[PDB]
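Chemist: Please read through the structure below; I'll follow up with questions.
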Amino acid sequence: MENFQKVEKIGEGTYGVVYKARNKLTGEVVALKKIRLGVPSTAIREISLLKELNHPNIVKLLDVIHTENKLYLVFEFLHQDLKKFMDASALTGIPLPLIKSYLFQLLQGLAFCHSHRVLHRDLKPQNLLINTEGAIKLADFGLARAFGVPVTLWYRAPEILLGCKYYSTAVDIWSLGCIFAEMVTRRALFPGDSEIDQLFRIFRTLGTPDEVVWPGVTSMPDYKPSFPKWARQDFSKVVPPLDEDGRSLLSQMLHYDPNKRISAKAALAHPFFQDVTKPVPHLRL
Ligand SMILES: C[C@@H](O)[C@@H](C)Oc1nc(Nc2ccc([S@](=N)(=O)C3CC3)cc2)ncc1Br
């Protein structure tokens, strides 16, 4: 920490506080994360593995600093998050080709991390970071598991909400699916204020799941036979004015059954991405 000069606080939550900071002697400008507490050894090993994990759509973890029995993480700094960018574009909306770029790259990031069996688990607009060049990257990949972390529910896959202890990479596709739809419509897709309300907002839109669409669902830990039975709605109603290609890909990203939910790899090949390009955004910094 004495090697770093804090500039401003840019975030807070699970893992504590995040600062924009300058390395007092290199001059490099970084994002510094102080982890919230010595540090268990399994957490050190796992975070060390994450440092290896380099890809253009993943926020580079530059340095792990474990000292005075605290853990600091030093990340590359990007200048804006997707939430602020969505708020600033709320009057016009983000152009579809930039949405498509951002989705494509984000699926590239997941594909990569998933091929290394690394899971995000807590995707949200504040974890997705952009630059002036038209790139977008995922921040905090693998932190949940490295740290054994057990509040925004809005992007939570139904299998987590119904009490699956052993969930898969499919939980990140679900989240990214809810973010895709939010970019398109300019409203959060499932804005739950509690876990049951989150679940029930999902059921009211996609239909109450059952054994036919999701084998095994009724035996899940927090499944209750007393759940109300709502009928599924048309995506044409959910995400106007996304085209049929985009709606087809979204529904596959929002399959109830995690084994039927599209992989990031397969999603990259979806016809929605046939005319993808890489626009640059208008960022006001
Ligand atoms: C993912 C989340 O904890 C974050 C904190 O981490 C990072 N944040 C950033 N940069 C950054 C994040 C937010 C904003 S913002 N849209 O202006 C916010 C309203 C103030 C600007 C830059 N760069 C690497 C990391 Br890692």
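Residue numbers start at 1 in each chain; chains themselves are named A, B, ... in the order of the structure tokens; ligands are numbered from 1 in the order shown.
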For ligand 1, collect every residue having any atom at a distance of at most 10 Å from a ligand atom (counting only C-alpha atoms and all ligand atoms); output as a PDB file with N, CA, C and O atoms, in the first residue's frame.
Modeler:
```
ATOM      1  N   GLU A   8      -8.862   7.882  -6.167  1.00  0.00           N
ATOM      2  CA  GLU A   8     -10.263   7.929  -5.775  1.00  0.00           C
ATOM      3  C   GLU A   8     -10.841   6.559  -5.619  1.00  0.00           C
ATOM      4  O   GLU A   8     -10.361   5.584  -6.226  1.00  0.00           O
ATOM      5  N   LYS A   9     -11.907   6.500  -4.826  1.00  0.00           N
ATOM      6  CA  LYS A   9     -12.611   5.282  -4.563  1.00  0.00           C
ATOM      7  C   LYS A   9     -13.533   5.082  -5.750  1.00  0.00           C
ATOM      8  O   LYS A   9     -14.274   5.979  -6.090  1.00  0.00           O
ATOM      9  N   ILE A  10     -13.463   3.934  -6.410  1.00  0.00           N
ATOM     10  CA  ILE A  10     -14.239   3.704  -7.636  1.00  0.00           C
ATOM     11  C   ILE A  10     -15.274   2.589  -7.479  1.00  0.00           C
ATOM     12  O   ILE A  10     -16.054   2.320  -8.398  1.00  0.00           O
ATOM     13  N   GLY A  11     -15.289   1.945  -6.320  1.00  0.00           N
ATOM     14  CA  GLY A  11     -16.196   0.839  -6.083  1.00  0.00           C
ATOM     15  C   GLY A  11     -16.145   0.319  -4.665  1.00  0.00           C
ATOM     16  O   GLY A  11     -15.205   0.600  -3.924  1.00  0.00           O
ATOM     17  N   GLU A  12     -17.187  -0.429  -4.300  1.00  0.00           N
ATOM     18  CA  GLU A  12     -17.217  -1.177  -3.058  1.00  0.00           C
ATOM     19  C   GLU A  12     -18.262  -2.304  -3.148  1.00  0.00           C
ATOM     20  O   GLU A  12     -19.197  -2.234  -3.934  1.00  0.00           O
ATOM     21  N   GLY A  13     -18.071  -3.343  -2.342  1.00  0.00           N
ATOM     22  CA  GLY A  13     -19.040  -4.416  -2.203  1.00  0.00           C
ATOM     23  C   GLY A  13     -18.516  -5.603  -1.413  1.00  0.00           C
ATOM     24  O   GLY A  13     -18.018  -5.447  -0.301  1.00  0.00           O
ATOM     25  N   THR A  14     -18.643  -6.782  -2.024  1.00  0.00           N
ATOM     26  CA  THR A  14     -18.272  -8.078  -1.448  1.00  0.00           C
ATOM     27  C   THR A  14     -16.888  -8.028  -0.815  1.00  0.00           C
ATOM     28  O   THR A  14     -16.744  -8.151   0.400  1.00  0.00           O
ATOM     29  N   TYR A  15     -15.896  -7.771  -1.674  1.00  0.00           N
ATOM     30  CA  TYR A  15     -14.471  -7.854  -1.354  1.00  0.00           C
ATOM     31  C   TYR A  15     -13.944  -6.550  -0.837  1.00  0.00           C
ATOM     32  O   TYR A  15     -12.744  -6.334  -0.851  1.00  0.00           O
ATOM     33  N   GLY A  16     -14.823  -5.657  -0.417  1.00  0.00           N
ATOM     34  CA  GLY A  16     -14.387  -4.398   0.125  1.00  0.00           C
ATOM     35  C   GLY A  16     -14.205  -3.364  -0.951  1.00  0.00           C
ATOM     36  O   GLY A  16     -14.912  -3.349  -1.958  1.00  0.00           O
ATOM     37  N   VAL A  17     -13.230  -2.498  -0.728  1.00  0.00           N
ATOM     38  CA  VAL A  17     -13.149  -1.230  -1.421  1.00  0.00           C
ATOM     39  C   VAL A  17     -12.177  -1.364  -2.576  1.00  0.00           C
ATOM     40  O   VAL A  17     -11.201  -2.116  -2.496  1.00  0.00           O
ATOM     41  N   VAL A  18     -12.492  -0.652  -3.658  1.00  0.00           N
ATOM     42  CA  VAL A  18     -11.633  -0.553  -4.827  1.00  0.00           C
ATOM     43  C   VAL A  18     -11.287   0.897  -5.097  1.00  0.00           C
ATOM     44  O   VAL A  18     -12.181   1.735  -5.177  1.00  0.00           O
ATOM     45  N   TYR A  19      -9.979   1.166  -5.198  1.00  0.00           N
ATOM     46  CA  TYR A  19      -9.415   2.484  -5.513  1.00  0.00           C
ATOM     47  C   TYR A  19      -8.734   2.528  -6.878  1.00  0.00           C
ATOM     48  O   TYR A  19      -8.028   1.588  -7.241  1.00  0.00           O
ATOM     49  N   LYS A  20      -8.934   3.619  -7.607  1.00  0.00           N
ATOM     50  CA  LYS A  20      -7.986   4.075  -8.594  1.00  0.00           C
ATOM     51  C   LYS A  20      -6.755   4.607  -7.818  1.00  0.00           C
ATOM     52  O   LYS A  20      -6.922   5.304  -6.772  1.00  0.00           O
ATOM     53  N   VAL A  29      -0.921   3.817 -13.479  1.00  0.00           N
ATOM     54  CA  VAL A  29      -2.260   4.041 -12.904  1.00  0.00           C
ATOM     55  C   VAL A  29      -3.016   2.689 -12.958  1.00  0.00           C
ATOM     56  O   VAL A  29      -3.091   2.069 -14.010  1.00  0.00           O
ATOM     57  N   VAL A  30      -3.523   2.251 -11.815  1.00  0.00           N
ATOM     58  CA  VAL A  30      -4.077   0.918 -11.626  1.00  0.00           C
ATOM     59  C   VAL A  30      -5.390   1.011 -10.799  1.00  0.00           C
ATOM     60  O   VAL A  30      -5.724   2.069 -10.229  1.00  0.00           O
ATOM     61  N   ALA A  31      -6.062  -0.140 -10.713  1.00  0.00           N
ATOM     62  CA  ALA A  31      -7.144  -0.359  -9.802  1.00  0.00           C
ATOM     63  C   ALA A  31      -6.665  -1.259  -8.683  1.00  0.00           C
ATOM     64  O   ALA A  31      -6.209  -2.394  -8.904  1.00  0.00           O
ATOM     65  N   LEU A  32      -6.826  -0.777  -7.463  1.00  0.00           N
ATOM     66  CA  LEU A  32      -6.321  -1.474  -6.296  1.00  0.00           C
ATOM     67  C   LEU A  32      -7.472  -1.983  -5.458  1.00  0.00           C
ATOM     68  O   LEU A  32      -8.365  -1.220  -5.063  1.00  0.00           O
ATOM     69  N   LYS A  33      -7.446  -3.268  -5.157  1.00  0.00           N
ATOM     70  CA  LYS A  33      -8.525  -3.868  -4.404  1.00  0.00           C
ATOM     71  C   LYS A  33      -7.983  -4.395  -3.100  1.00  0.00           C
ATOM     72  O   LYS A  33      -7.108  -5.248  -3.105  1.00  0.00           O
ATOM     73  N   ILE A  58     -10.566 -10.037 -20.396  1.00  0.00           N
ATOM     74  CA  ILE A  58     -10.481 -10.269 -18.966  1.00  0.00           C
ATOM     75  C   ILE A  58      -9.552  -9.219 -18.360  1.00  0.00           C
ATOM     76  O   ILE A  58      -8.416  -9.010 -18.879  1.00  0.00           O
ATOM     77  N   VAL A  59     -10.014  -8.535 -17.309  1.00  0.00           N
ATOM     78  CA  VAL A  59      -9.213  -7.495 -16.663  1.00  0.00           C
ATOM     79  C   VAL A  59      -7.944  -8.127 -16.138  1.00  0.00           C
ATOM     80  O   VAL A  59      -7.985  -9.105 -15.366  1.00  0.00           O
ATOM     81  N   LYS A  60      -6.812  -7.656 -16.615  1.00  0.00           N
ATOM     82  CA  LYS A  60      -5.548  -8.231 -16.191  1.00  0.00           C
ATOM     83  C   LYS A  60      -5.291  -8.006 -14.715  1.00  0.00           C
ATOM     84  O   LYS A  60      -5.355  -6.874 -14.232  1.00  0.00           O
ATOM     85  N   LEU A  61      -4.974  -9.090 -14.020  1.00  0.00           N
ATOM     86  CA  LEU A  61      -4.550  -9.024 -12.623  1.00  0.00           C
ATOM     87  C   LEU A  61      -3.027  -8.880 -12.591  1.00  0.00           C
ATOM     88  O   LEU A  61      -2.320  -9.845 -12.790  1.00  0.00           O
ATOM     89  N   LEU A  73      -5.084  -6.698  -4.271  1.00  0.00           N
ATOM     90  CA  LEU A  73      -5.022  -7.123  -5.658  1.00  0.00           C
ATOM     91  C   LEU A  73      -4.855  -5.900  -6.516  1.00  0.00           C
ATOM     92  O   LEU A  73      -5.590  -4.924  -6.351  1.00  0.00           O
ATOM     93  N   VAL A  74      -3.888  -5.948  -7.431  1.00  0.00           N
ATOM     94  CA  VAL A  74      -3.619  -4.836  -8.337  1.00  0.00           C
ATOM     95  C   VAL A  74      -4.042  -5.208  -9.732  1.00  0.00           C
ATOM     96  O   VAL A  74      -3.476  -6.140 -10.314  1.00  0.00           O
ATOM     97  N   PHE A  75      -5.031  -4.498 -10.262  1.00  0.00           N
ATOM     98  CA  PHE A  75      -5.619  -4.791 -11.578  1.00  0.00           C
ATOM     99  C   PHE A  75      -5.260  -3.676 -12.540  1.00  0.00           C
ATOM    100  O   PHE A  75      -4.968  -2.556 -12.114  1.00  0.00           O
ATOM    101  N   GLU A  76      -5.293  -3.970 -13.839  1.00  0.00           N
ATOM    102  CA  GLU A  76      -5.288  -2.916 -14.865  1.00  0.00           C
ATOM    103  C   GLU A  76      -6.522  -2.054 -14.692  1.00  0.00           C
ATOM    104  O   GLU A  76      -7.575  -2.533 -14.280  1.00  0.00           O
ATOM    105  N   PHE A  77      -6.342  -0.763 -14.918  1.00  0.00           N
ATOM    106  CA  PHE A  77      -7.412   0.217 -14.820  1.00  0.00           C
ATOM    107  C   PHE A  77      -8.076   0.448 -16.181  1.00  0.00           C
ATOM    108  O   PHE A  77      -7.386   0.718 -17.151  1.00  0.00           O
ATOM    109  N   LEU A  78      -9.406   0.314 -16.239  1.00  0.00           N
ATOM    110  CA  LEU A  78     -10.229   0.734 -17.373  1.00  0.00           C
ATOM    111  C   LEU A  78     -11.016   1.959 -16.912  1.00  0.00           C
ATOM    112  O   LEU A  78     -11.165   2.179 -15.712  1.00  0.00           O
ATOM    113  N   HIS A  79     -11.478   2.799 -17.840  1.00  0.00           N
ATOM    114  CA  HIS A  79     -11.977   4.131 -17.431  1.00  0.00           C
ATOM    115  C   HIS A  79     -13.442   4.269 -17.148  1.00  0.00           C
ATOM    116  O   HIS A  79     -13.856   5.255 -16.493  1.00  0.00           O
ATOM    117  N   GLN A  80     -14.242   3.305 -17.595  1.00  0.00           N
ATOM    118  CA  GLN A  80     -15.670   3.354 -17.258  1.00  0.00           C
ATOM    119  C   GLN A  80     -16.249   1.928 -17.119  1.00  0.00           C
ATOM    120  O   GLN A  80     -15.715   0.986 -17.731  1.00  0.00           O
ATOM    121  N   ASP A  81     -17.296   1.782 -16.305  1.00  0.00           N
ATOM    122  CA  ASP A  81     -18.021   0.480 -16.231  1.00  0.00           C
ATOM    123  C   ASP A  81     -19.262   0.498 -17.103  1.00  0.00           C
ATOM    124  O   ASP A  81     -19.707   1.550 -17.523  1.00  0.00           O
ATOM    125  N   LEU A  82     -19.812  -0.667 -17.407  1.00  0.00           N
ATOM    126  CA  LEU A  82     -21.009  -0.734 -18.252  1.00  0.00           C
ATOM    127  C   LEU A  82     -22.269  -0.045 -17.684  1.00  0.00           C
ATOM    128  O   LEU A  82     -23.045   0.577 -18.437  1.00  0.00           O
ATOM    129  N   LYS A  83     -22.450  -0.109 -16.372  1.00  0.00           N
ATOM    130  CA  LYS A  83     -23.547   0.599 -15.722  1.00  0.00           C
ATOM    131  C   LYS A  83     -23.525   2.103 -16.018  1.00  0.00           C
ATOM    132  O   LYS A  83     -24.488   2.639 -16.594  1.00  0.00           O
ATOM    133  N   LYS A  84     -22.434   2.806 -15.640  1.00  0.00           N
ATOM    134  CA  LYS A  84     -22.336   4.233 -15.993  1.00  0.00           C
ATOM    135  C   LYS A  84     -22.564   4.492 -17.492  1.00  0.00           C
ATOM    136  O   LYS A  84     -23.245   5.433 -17.876  1.00  0.00           O
ATOM    137  N   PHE A  85     -21.966   3.675 -18.348  1.00  0.00           N
ATOM    138  CA  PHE A  85     -22.194   3.810 -19.781  1.00  0.00           C
ATOM    139  C   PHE A  85     -23.670   3.591 -20.190  1.00  0.00           C
ATOM    140  O   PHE A  85     -24.196   4.356 -20.987  1.00  0.00           O
ATOM    141  N   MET A  86     -24.335   2.587 -19.633  1.00  0.00           N
ATOM    142  CA  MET A  86     -25.774   2.414 -19.901  1.00  0.00           C
ATOM    143  C   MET A  86     -26.594   3.600 -19.402  1.00  0.00           C
ATOM    144  O   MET A  86     -27.453   4.095 -20.110  1.00  0.00           O
ATOM    145  N   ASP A  87     -26.282   4.107 -18.213  1.00  0.00           N
ATOM    146  CA  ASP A  87     -26.981   5.320 -17.706  1.00  0.00           C
ATOM    147  C   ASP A  87     -26.799   6.533 -18.571  1.00  0.00           C
ATOM    148  O   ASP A  87     -27.742   7.300 -18.738  1.00  0.00           O
ATOM    149  N   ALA A  88     -25.606   6.705 -19.132  1.00  0.00           N
ATOM    150  CA  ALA A  88     -25.323   7.878 -19.947  1.00  0.00           C
ATOM    151  C   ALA A  88     -25.961   7.770 -21.322  1.00  0.00           C
ATOM    152  O   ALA A  88     -26.224   8.780 -21.947  1.00  0.00           O
ATOM    153  N   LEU A 123     -21.740 -12.015 -12.143  1.00  0.00           N
ATOM    154  CA  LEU A 123     -21.727 -11.002 -13.215  1.00  0.00           C
ATOM    155  C   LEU A 123     -22.792  -9.937 -13.039  1.00  0.00           C
ATOM    156  O   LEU A 123     -23.958 -10.208 -12.646  1.00  0.00           O
ATOM    157  N   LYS A 124     -22.363  -8.712 -13.326  1.00  0.00           N
ATOM    158  CA  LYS A 124     -23.266  -7.615 -13.311  1.00  0.00           C
ATOM    159  C   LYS A 124     -22.652  -6.451 -14.116  1.00  0.00           C
ATOM    160  O   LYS A 124     -21.451  -6.478 -14.394  1.00  0.00           O
ATOM    161  N   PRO A 125     -23.479  -5.475 -14.553  1.00  0.00           N
ATOM    162  CA  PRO A 125     -22.940  -4.299 -15.295  1.00  0.00           C
ATOM    163  C   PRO A 125     -21.685  -3.595 -14.638  1.00  0.00           C
ATOM    164  O   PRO A 125     -20.766  -3.185 -15.379  1.00  0.00           O
ATOM    165  N   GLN A 126     -21.645  -3.539 -13.306  1.00  0.00           N
ATOM    166  CA  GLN A 126     -20.508  -2.912 -12.584  1.00  0.00           C
ATOM    167  C   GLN A 126     -19.224  -3.731 -12.655  1.00  0.00           C
ATOM    168  O   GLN A 126     -18.150  -3.194 -12.339  1.00  0.00           O
ATOM    169  N   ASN A 127     -19.317  -5.007 -13.066  1.00  0.00           N
ATOM    170  CA  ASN A 127     -18.149  -5.883 -13.288  1.00  0.00           C
ATOM    171  C   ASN A 127     -17.668  -5.918 -14.741  1.00  0.00           C
ATOM    172  O   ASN A 127     -16.797  -6.691 -15.050  1.00  0.00           O
ATOM    173  N   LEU A 128     -18.304  -5.168 -15.633  1.00  0.00           N
ATOM    174  CA  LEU A 128     -17.990  -5.192 -17.038  1.00  0.00           C
ATOM    175  C   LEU A 128     -17.421  -3.821 -17.345  1.00  0.00           C
ATOM    176  O   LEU A 128     -18.071  -2.829 -17.059  1.00  0.00           O
ATOM    177  N   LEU A 129     -16.192  -3.786 -17.874  1.00  0.00           N
ATOM    178  CA  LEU A 129     -15.406  -2.534 -17.995  1.00  0.00           C
ATOM    179  C   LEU A 129     -15.030  -2.230 -19.426  1.00  0.00           C
ATOM    180  O   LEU A 129     -14.548  -3.092 -20.132  1.00  0.00           O
ATOM    181  N   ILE A 130     -15.172  -0.964 -19.801  1.00  0.00           N
ATOM    182  CA  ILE A 130     -14.920  -0.534 -21.157  1.00  0.00           C
ATOM    183  C   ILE A 130     -13.795   0.506 -21.281  1.00  0.00           C
ATOM    184  O   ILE A 130     -13.418   1.231 -20.320  1.00  0.00           O
ATOM    185  N   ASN A 131     -13.281   0.572 -22.497  1.00  0.00           N
ATOM    186  CA  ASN A 131     -12.285   1.551 -22.849  1.00  0.00           C
ATOM    187  C   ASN A 131     -12.675   2.295 -24.091  1.00  0.00           C
ATOM    188  O   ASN A 131     -13.683   2.003 -24.737  1.00  0.00           O
ATOM    189  N   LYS A 137     -14.276  -5.806 -20.962  1.00  0.00           N
ATOM    190  CA  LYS A 137     -13.648  -6.898 -20.247  1.00  0.00           C
ATOM    191  C   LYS A 137     -14.419  -7.223 -18.974  1.00  0.00           C
ATOM    192  O   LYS A 137     -14.975  -6.349 -18.303  1.00  0.00           O
ATOM    193  N   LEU A 138     -14.340  -8.475 -18.592  1.00  0.00           N
ATOM    194  CA  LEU A 138     -14.859  -8.937 -17.320  1.00  0.00           C
ATOM    195  C   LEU A 138     -13.852  -8.699 -16.195  1.00  0.00           C
ATOM    196  O   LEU A 138     -12.705  -9.093 -16.323  1.00  0.00           O
ATOM    197  N   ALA A 139     -14.315  -8.109 -15.093  1.00  0.00           N
ATOM    198  CA  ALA A 139     -13.565  -7.957 -13.815  1.00  0.00           C
ATOM    199  C   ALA A 139     -14.089  -8.930 -12.743  1.00  0.00           C
ATOM    200  O   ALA A 139     -15.295  -9.215 -12.750  1.00  0.00           O
ATOM    201  N   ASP A 140     -13.204  -9.375 -11.824  1.00  0.00           N
ATOM    202  CA  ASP A 140     -13.499 -10.338 -10.699  1.00  0.00           C
ATOM    203  C   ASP A 140     -13.754 -11.805 -11.036  1.00  0.00           C
ATOM    204  O   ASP A 140     -14.341 -12.529 -10.228  1.00  0.00           O
ATOM    205  N   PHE A 141     -13.274 -12.273 -12.183  1.00  0.00           N
ATOM    206  CA  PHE A 141     -13.435 -13.661 -12.536  1.00  0.00           C
ATOM    207  C   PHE A 141     -12.732 -14.513 -11.521  1.00  0.00           C
ATOM    208  O   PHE A 141     -11.624 -14.174 -11.140  1.00  0.00           O
ATOM    209  N   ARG A 284     -17.763   9.600 -22.362  1.00  0.00           N
ATOM    210  CA  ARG A 284     -17.477  10.845 -21.708  1.00  0.00           C
ATOM    211  C   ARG A 284     -16.784  10.478 -20.389  1.00  0.00           C
ATOM    212  O   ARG A 284     -17.406   9.855 -19.505  1.00  0.00           O
ATOM    213  N   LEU A 285     -15.489  10.796 -20.285  1.00  0.00           N
ATOM    214  CA  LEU A 285     -14.693  10.472 -19.074  1.00  0.00           C
ATOM    215  C   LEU A 285     -14.565  11.647 -18.084  1.00  0.00           C
ATOM    216  O   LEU A 285     -14.551  12.801 -18.521  1.00  0.00           O
TER     217      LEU A 285
END
```
Chemist: What's the 8 Å shell around residue 259 (chain A), counting only C-alpha atoms, without same-chain residues fewer than 2 positions away, as a list in words?
Modeler: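 Those residues are residues 170, 257 and 261 of chain A.
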Chemist: Taking only C-alpha atoms into account, which of A:40, A:56, A:258, A:97 comes nearest residue 169 (chain A)?
Modeler: A:258
Chemist: Could you give me, as a PyMOL selection string, each residue of region 100-213 of chain A that DSSP assigns to helix (DSSP H, G or I) when run on this structure's backbone?
Modeler: chain A and resi 100-115+125-127+143-146+158-161+170-185+195-206
Chemist: Would you work out the distance separating CA of residue 39 (chain A) from CA of residue 62 (chain A), expressed in Å to one decimal?
Modeler: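 Separation between CA of residue 39 (chain A) and CA of residue 62 (chain A): 19.1 Å.
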Chemist: As a ChimeraX atom specification, which residues of region 23-249 of chain A does DSSP assign to strand (DSSP E or B)?
Modeler: /A:23,29-34,58,61-67,70-76,80-81,128-130,136-138
Chemist: Suppose we keep C-alpha atoms; can you now write the selection as a compact mmCIF listing (two decimals), in the first residue's frame?
Modeler:
```txt
# COMPACT_ATOMS: atom_id res chain seq x y z
CA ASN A 23 2.22 3.30 -8.33
CA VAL A 29 -2.26 4.04 -12.90
CA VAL A 30 -4.08 0.92 -11.63
CA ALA A 31 -7.14 -0.36 -9.80
CA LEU A 32 -6.32 -1.47 -6.30
CA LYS A 33 -8.52 -3.87 -4.40
CA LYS A 34 -8.16 -4.37 -0.66
CA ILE A 58 -10.48 -10.27 -18.97
CA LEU A 61 -4.55 -9.02 -12.62
CA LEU A 62 -1.14 -7.33 -12.53
CA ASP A 63 0.04 -8.12 -9.00
CA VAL A 64 -1.02 -10.01 -5.87
CA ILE A 65 0.30 -8.30 -2.74
CA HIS A 66 0.05 -10.28 0.41
CA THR A 67 1.58 -8.32 3.29
CA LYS A 70 -3.78 -8.61 4.35
CA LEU A 71 -4.48 -9.20 0.65
CA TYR A 72 -4.29 -6.44 -1.96
CA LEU A 73 -5.02 -7.12 -5.66
CA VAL A 74 -3.62 -4.84 -8.34
CA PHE A 75 -5.62 -4.79 -11.58
CA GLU A 76 -5.29 -2.92 -14.86
CA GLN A 80 -15.67 3.35 -17.26
CA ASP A 81 -18.02 0.48 -16.23
CA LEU A 128 -17.99 -5.19 -17.04
CA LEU A 129 -15.41 -2.53 -18.00
CA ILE A 130 -14.92 -0.53 -21.16
CA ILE A 136 -15.07 -4.57 -22.88
CA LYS A 137 -13.65 -6.90 -20.25
CA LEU A 138 -14.86 -8.94 -17.32
```
Chemist: Out of A:99, A:212, A:179, A:151, which residue has the shortest atom-to-atom distance to residue 193 (chain A) when counting only C-alpha atoms?
Modeler: A:151
Chemist: Excluding same-chain residues fewer than 6 positions from residue 197 (chain A), what lies within 12 Å of it counting only C-alpha atoms, as a list in words?
Modeler: residues 153, 154, 156, 158, 161, 190, 191, 203, 204 and 227 of chain A
Chemist: Could you save those same residues with N, CA and C atoms as a short mmCIF file (atom, residue, chain, number, x, y, z; two decimals), in the first residue's frame?
Modeler:
```cif
data_model
loop_
_atom_site.label_atom_id
_atom_site.label_comp_id
_atom_site.auth_asym_id
_atom_site.auth_seq_id
_atom_site.Cartn_x
_atom_site.Cartn_y
_atom_site.Cartn_z
N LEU A 153 -29.23 -9.36 -6.86
CA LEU A 153 -29.74 -10.67 -7.19
C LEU A 153 -30.19 -10.76 -8.61
N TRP A 154 -30.09 -9.65 -9.31
CA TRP A 154 -30.82 -9.42 -10.51
C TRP A 154 -30.32 -10.35 -11.65
N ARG A 156 -28.78 -13.35 -11.16
CA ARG A 156 -28.60 -14.68 -10.56
C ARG A 156 -29.34 -15.80 -11.31
N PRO A 158 -31.35 -19.23 -12.07
CA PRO A 158 -32.40 -19.89 -11.28
C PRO A 158 -31.89 -21.04 -10.47
N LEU A 161 -30.65 -19.77 -7.14
CA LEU A 161 -31.75 -19.32 -6.30
C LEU A 161 -32.56 -20.51 -5.73
N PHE A 190 -34.88 -8.66 -14.76
CA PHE A 190 -35.43 -9.28 -13.55
C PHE A 190 -34.97 -8.52 -12.30
N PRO A 191 -35.59 -7.34 -12.02
CA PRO A 191 -35.08 -6.55 -10.91
C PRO A 191 -35.69 -6.94 -9.52
N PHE A 203 -40.02 -16.57 -13.07
CA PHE A 203 -41.16 -17.45 -13.42
C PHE A 203 -42.26 -16.70 -14.19
N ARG A 204 -42.54 -15.44 -13.81
CA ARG A 204 -43.64 -14.69 -14.46
C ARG A 204 -43.32 -14.40 -15.92
N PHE A 227 -45.03 -23.23 -5.23
CA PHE A 227 -44.76 -22.11 -6.19
C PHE A 227 -45.99 -21.86 -7.06
#
```
Chemist: Applying 10 Å and only C-alpha atoms, which residues near residue 267 (chain A) remain after dropping the ones on its own chain fewer than 3 positions away? List them as a PyMOL selection string.
Modeler: chain A and resi 103-104+107-108+111+173+249-250+252-253+261-264+270-273
Chemist: CA of residue 68 (chain A) to CA of residue 146 (chain A): how many Å, to one decimal?
Modeler: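 Separation between CA of residue 68 (chain A) and CA of residue 146 (chain A): 19.8 Å.
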Chemist: One decimal, Å: what's the distance from CA of residue 152 (chain A) over to CA of residue 198 (chain A), could you say?
Modeler: 10.0 Å
Chemist: Which residues, written as a list in words, have at least one atom at most 10 Å from residue 148 (chain A), with only C-alpha atoms counted and residues fewer than 3 positions away on the same chain left out?
Modeler: residues 42, 43, 142, 143, 144 and 145 of chain A
Chemist: Limited to C-alpha atoms, could you put the picked residues into a file as a PDB file, in the first residue's frame?
Modeler:
```pdb
ATOM      1  CA  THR A  42      -6.038 -21.876  -0.414  1.00  0.00           C
ATOM      2  CA  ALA A  43      -7.120 -18.345  -1.313  1.00  0.00           C
ATOM      3  CA  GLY A 142     -12.713 -16.556 -10.126  1.00  0.00           C
ATOM      4  CA  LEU A 143     -12.724 -14.306  -7.028  1.00  0.00           C
ATOM      5  CA  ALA A 144     -15.915 -15.943  -5.668  1.00  0.00           C
ATOM      6  CA  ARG A 145     -14.379 -19.432  -5.507  1.00  0.00           C
TER       7      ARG A 145
END
```
